[PDB]
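Coordinate-derived values only; no laboratory data. Reconstructed Cβ throughout: ideal geometry from the backbone, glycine too, with neighbour counts over all protein chains shown.
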Amino acid sequence: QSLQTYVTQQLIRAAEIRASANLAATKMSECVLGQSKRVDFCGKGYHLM
Amino acid sequence: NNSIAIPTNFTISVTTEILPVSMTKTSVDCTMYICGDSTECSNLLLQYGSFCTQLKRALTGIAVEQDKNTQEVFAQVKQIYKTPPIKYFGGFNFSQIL
Amino acid sequence: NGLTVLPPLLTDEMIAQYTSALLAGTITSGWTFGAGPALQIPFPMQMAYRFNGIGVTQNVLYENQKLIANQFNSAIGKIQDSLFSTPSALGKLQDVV
Amino acid sequence: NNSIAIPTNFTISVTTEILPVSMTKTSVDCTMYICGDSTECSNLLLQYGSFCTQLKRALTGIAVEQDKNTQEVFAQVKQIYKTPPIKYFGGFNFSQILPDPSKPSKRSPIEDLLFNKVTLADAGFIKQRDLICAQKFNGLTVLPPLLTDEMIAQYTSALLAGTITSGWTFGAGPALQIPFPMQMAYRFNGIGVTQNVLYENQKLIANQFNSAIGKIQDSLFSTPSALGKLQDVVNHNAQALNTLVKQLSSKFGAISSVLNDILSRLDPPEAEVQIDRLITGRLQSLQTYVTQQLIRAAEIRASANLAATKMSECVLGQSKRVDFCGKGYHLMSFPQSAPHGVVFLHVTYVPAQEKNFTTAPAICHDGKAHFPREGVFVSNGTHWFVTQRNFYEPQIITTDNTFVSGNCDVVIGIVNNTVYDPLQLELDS
Amino acid sequence: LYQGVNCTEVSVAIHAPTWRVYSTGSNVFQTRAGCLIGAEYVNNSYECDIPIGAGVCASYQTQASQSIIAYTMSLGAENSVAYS
């Protein structure tokens, strides 16, 4: 039971790091390989680079 | 109904954002953990079935994903571009980032 | 007790040669490297277009190029301090270790 | 400090993205699985409480959501638009993406090679050495999806026939008609190129497209491992329903795995002890199956919310977000249905054939600095010209393609030249 | 809806035998989800009211004979755009 409860909490903690790694790839394509018009996706102010 | 405020100057702001991308990749040897390895518990454990091949399969997808997570944030470019040997870019100093 | 951490496939020296190619394609080409071949543009001229995409004309960068270069060369210098001198800026990357 | 490269031709590219949208709807009869026909088990389970009414409530919400996942990707069109009788769309051929009347399914030459290339065992049909159907016992039943595979294809035909006939107007209100060669000229002005670059090269643009759509067949097809994200789903679920039936064969610490043998080899007291050894390790194998299905169902819900955002910003509009709808500058995208997922075909404009030139920030012509009004100043060695930025089309610098702003002293790079004025030269005759 | 059964096994067991003893007689009909007993199948088509499965929905509709009708759903209206 001690093993089953560890594998269950790493399967729930790994789905949260895939959500942050999926936002960090969207912000590398839209904030770094282009200029964004989306308000506050890439900082406070009007984005340049 | 007849007034506007219009800016007469500007400021260049540089902020910072930190985002987690990967975790640690781990594995467990059921038998060595539960049956102390050095024990004949490996025989009272088989009367329990796939409760030890289901866990090794789950911890291997958590671990092959942590490597796709990294190859999607960083491995975007196609070529490995290099900066010029002389580094004058209009007056801007990119020394602390290059 | 039968537990073992496995190593990552991309060394931290390979994850930094990918971050160096992304910064040397923006400083020397623009947003042209993420859509096709990388085409060179003088840098003060790529910042001019940036201004035209936020709503300001180009006469406002070329007739203020030295002030915009100083305002930036100072804002990057004052990052080292903040992050580091503030021992708790990198707390998300730590709370997971 | 004074060099620019400007593209002299273009390429048209069609790429493909596969996203999983839904999984399988499953049900279980706790008792039938834990007990069976035994009635002593049935009455010894009434004491572990509602550890069974809360397993049905959970597997029943995972299923009701699988039908919402699908309704939010494909049901997004008000009416069912049909494509004209005579199919001439400017020289562009959509025969591999439009519906095929001949065949009896009304699928397309390529939604047909996607169906007959994804193997499975999801059987909701009453028609039951065989297939996974062998799990159909112990209390395990697969339930049928509410939108048949021919209704998900009749929604994909109304989206691909409102984009070829009306453009992006069907997603913002009523559908308005536009000649097709002229909707692709407004999709070129949204990526930065003028409309005369299409009208003057329309048979090349149509051929580069007709040729790239006819290489997706081969690609996705021959390469036999692209539909491998919509095949994991199918597999990951089977392996789970198979480990559940093969754990009814384990003893969890008992005389044996057959409740009856125990109830015919021991006595009224010694059974109510060997039988809880089973009534436990069989209520824990069902709580594990349900927890791991609630975790996978949350990852298909994330994918089905990206496929609904991509159907609205890529297939019902042109996107300016970088790499959301393909590599390149987006022009159009078309949806195609797959088993348990969706395929998006993304048409993009890739700049090609670049030449090097010399640039200037501004041009001084009479103690006044002139600046480009919508392009870039360039020199072919001797003369200076104003071009657009994403296609080389040179022109002479005049007072109609340039704006003035200041004296030639504060810009660092200004070059001297002549800014011809139309009027004056004419007020000479 | 007896889910997962041919309509000719709920008849030849209703003529005991089936578990749920309570019985019912109205209008048996085979869907691809199971056997629906108690609802009549129209041939017209409307928007979904109560889902049942595989393209079939049900609703209480006057006929003022009010009864529960079953039908196959409509995905919407038709519209051809005048393309030239």
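Scalar couplings 3J(HN,Hα) for segment D:173-189, obtained by applying the Karplus form with A = 6.51, B = -1.76, C = 1.60 to θ = phi - 60°, are x, x, 8, 10, 8, 8, x, 5, x, 9, 8, 7, 8, 9, 9, 8, 6 Hz; x denotes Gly and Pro. Between 0 and 90 degrees, the angle of helix A:2-30 with respect to the longest Cα principal axis of chain A falls at about 10 degrees.
More than 16 Å apart: what percent of Cα pairs in chain B qualify?
Summing the P(r) of chain B above 16 Å gives 79 percent of all pairs.
Each peptide in D:183-196, D:358-371 gets a packing score, the mean of other Cβ atoms within 10 Å over its residues, and the list from highest to lowest is D:358-371, D:183-196.
According to the Cα-based calculation, Rg over Rh for segment D:289-345 is 1.10, with Rh computed by the Kirkwood formula. The count of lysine pairs in segment D:1-144 that are at least 8 places apart or cross chains, and whose C-alpha atoms lie under 27 Å apart, stands at 29. Plainly put, segment E:21-84 has a radius of gyration that is 1.13 times its Kirkwood radius, both from alpha-carbon atoms, as the Rg/Rh ratio. Our summary gives chain B a relative contact order of 33 percent, counting only alpha carbon pairs under 8 angstrom and 6 or more residues apart. Computed from phi, the 3J(HN,Hα) profile of segment C:40-51 under the Karplus parametrisation 6.51, -1.76, 1.60 (θ = phi - 60°) reads 6, 9, x, 5, x, 8, 6, 5, 5, 5, 3, 4 Hz, with x in place of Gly and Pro. For a straight C-alpha distance cut-off of 17 angstrom, the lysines reachable from A:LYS44 (same-chain residues fewer than eight places away being disregarded) are A:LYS27. Can you work out the PRE-style zone for E:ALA82? Point 7 Å along Cα to Cβ, and I want the residues of segment D:177-200 with backbone N under 14 Å. Only D:177-179 fall inside the zone, counting backbone N under 14 Å. Both radii come from the Cα set of the protein assembly as shown: Rg as radius of gyration, Rh as Kirkwood radius; their ratio Rg/Rh reads 1.05. In this structure, the amide hydrogen of B:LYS25, modeled 1.01 Å from its nitrogen in the peptide plane, lies closer than 5 angstrom to those of C:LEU6, counting only residues at least 5 positions away or on a different chain.
When the Kirkwood hydrodynamic radius is evaluated over all pairs of different C-alpha atoms of segment D:30-72, what value in angstrom, to one decimal, is obtained?
12.2
Across chain D, Cα-Cα pairs more than 38 Å apart make up 47 percent of the total.
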